[PDB]
Structure formats: C-alpha cells, structure tokens
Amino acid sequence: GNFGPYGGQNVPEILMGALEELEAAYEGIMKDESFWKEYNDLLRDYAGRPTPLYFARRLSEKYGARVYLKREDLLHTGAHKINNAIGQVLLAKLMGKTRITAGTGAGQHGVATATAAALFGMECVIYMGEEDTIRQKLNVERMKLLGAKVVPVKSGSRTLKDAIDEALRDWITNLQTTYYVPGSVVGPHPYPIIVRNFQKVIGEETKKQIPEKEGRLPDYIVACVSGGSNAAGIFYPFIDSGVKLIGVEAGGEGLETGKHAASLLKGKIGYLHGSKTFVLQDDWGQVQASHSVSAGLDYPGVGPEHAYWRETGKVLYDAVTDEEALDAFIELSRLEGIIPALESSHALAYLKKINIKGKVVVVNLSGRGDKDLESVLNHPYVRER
C-alpha cells in the first residue's frame, strides 16, 4: 500500500481487521471471472461504457489545437464516480455486508453510491456537509429518490472533509454490517488501489480511442485533481509513456490567499483519512479548511499515488482559480453545448495555460454540470458578466 513514502494504513487499530478482510476479499475478486463478468456487464448496459472520445470542434478552433473530451459526463448519474461505486458496492454485497456508508461533496459520489446500493438492495447512509447540501441540492434530491438517507454534517467547515469524518465514524460504529465506500483515491490501503483500479478503464479506453483519431498518443492529457480519482483513472495507463500528464488543483481565490484546495502545491506531508500524503496544514500540524467554488474539489488532502507521481515527475501539477473555472464552465456551455461539472471546468480552464497550438489534448470531462447551475447563475462573478 505504499507509493514511495506515501500511502499506508494510518487508522485506529479497531479498523485493522476490517482492512485485512477487505484486502483478502479484493485479492479474491482479482481472479474471479464471475465478478468481472457481472461488473463489466453493468458498466456496459447500466452505466453506459465505453464513453466516447469527442472532438470538440469549436474549442479546437478557438485554441488552434486538436481538443478531445473524454465524455465521462455521459455515464449514468453524470460522473466517473459510478465506475467505482458499482465496483465497491458489488464487492460489499459479495462480502455479506448489508449496509453502505460514504461521504460526498459534489453529491456525485453520494448519488453513484446510492444508485448502486439501490441496484444491489443495500441500506445506504450518505454524509454530506451542510454547505454542500445547499450548493449541490439537485444531488440531495436524487439520493432521496434512490432511497438513501442523507445526513447533513454541521461541524467544522460543513464541506467534504467533515462529511468524510462522519462517514468514517459511522463505519467504525457499524463494523459488523457496513462497508465504507470512499469516493476518491484517499484512504488506508487497500482503498487507493481499489478506487484507482476501477477508474483506470477511463485511461484504457482513451488509449485505444486516441490512435483512431490521430494515429498516435496525445501530446497532453489534462484532468482536475482534488482527491485524485478521475485523474488517476485517465493517467494510470499513460504513466511513463511520454504524454504530458497535467493534474489541475483548485486554486480557489488564489494560491497566495489561503483560500484554496491545492494540497500538492501548498500542503505539507501529513496524515488524513487513513493516508500519509500532502495535506493543507498550519505550522503545528493542524489540518486546515480548504476552499473552492467547486464542492467536489473542496478537500484539503490528495491521494498518495498523486503525491508519488508529483515527486517522481511522472505527472505535472498546477492550479486554476475559481474565476478561471467559472469562465471555462460558461465557455464549454456556449461553444460546445456541453455544461461541464465545475470540477472538470478546472481542467478545461487549463487549456489557456499551455502552449497547445497544433497539439492533441485530451481533457477528462469527469462529469456534467447540472448540479452547479443554480450556484453558477447566482455567483457574484458571473453576475458581473
């Protein structure tokens, strides 16, 4: 479970038996043809894989480049989160668990998890920070129709970090019955590997699709990063290929303002939610609140596999601001008729920061932006436009 110095299992001791049970169950399905048949059949007919690789003509004309969008927004529930949620809730069901718990920020992991729990007939309890229940209300409504209990979390910054704190408390309190589903590549081993291994289908498809468009590997692949799961999924098959892989963190009000979620760029090594990784912290080791206009990127840590990729130079990381992401959200809506998630809008915003004339660029469009419409339409910066 270590990516260089990062990762590990940094947990209360009472979780060690559950993590050993999960590691053995996961090793068992690695070679289980019937798990993969059921899972891959649901990815195809239930989620809608493979997703297309779309040539964005008007974006391409605007930037003088060949811009392709990997269309994870076309999946059932509207985001890449469903790849991981189906896989883990299937595993939970096969392990004899009867209940599912998770935390969610954008609400897309909450909806994906509730969808899979409904499909597999499991009780589902989702924790979501109170501020996120307000700015991502559409997903609260979806989870209620799917039969999940949504528990608003009123402590701390009332956003994703606090939601995960409460989901982990719930898991420990309910270990006989309950499987904890992380929605990103952050957590004690084996969870970063499990999540990345369910998301790497994105990069595997991309790798088969892009030579059909251009005859070679892309010059760049760009994906947003907070926990890191959509970017790990599209990057993993391309590590050491020579493609320029660029992960884009939330710069919030700006990297020098103290209001952002840029763990790799501005964090310090530390422990969060089971992983040794980069965490926004003060000088005394206290985890700090993150900020982002995007609820899914509003998290103060990052997956340990990205900490490792950054240190070894296998992936390059940077950030864009709330305002740059809002601009990119509006730009894709107007130019391509696709309303992107505000998370993915951080990757789209980065097209303005790379010299891409003549280049082939794949952007991971990790989800759709219907959950963000009310927040964008009311945002002061958009109001001043």
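Each residue number is its position in the shown sequence, starting from 1.
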Tell me which stretch, 60-68 or 29-37, has the higher mean Cα B-factor listed in the entry.
29-37
Segment of higher mean CA temperature factor, 227-235 or 128-136
128-136
Check the PDB entry and point out which of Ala261, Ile246, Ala307, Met122 has the largest C-alpha temperature factor.
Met122
Highest CA B factor of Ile210, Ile193, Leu297, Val279, as deposited, is found at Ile210
What third of the chain does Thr104 rank in for C-alpha temperature factor, lowest, middle or highest?
lowest
Where the record places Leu272 (Cα B-factor, split into thirds across the chain):
lowest
Third of chain Cα B-factors occupied by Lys353
highest
Considering every modelled residue of the chain and its Cα B-factor in the PDB entry, is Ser184 in the lowest, middle or highest third?
lowest
Pull the Cα B-factor of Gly367 out of the PDB entry and bin it into the chain's lowest, middle or highest third.
lowest
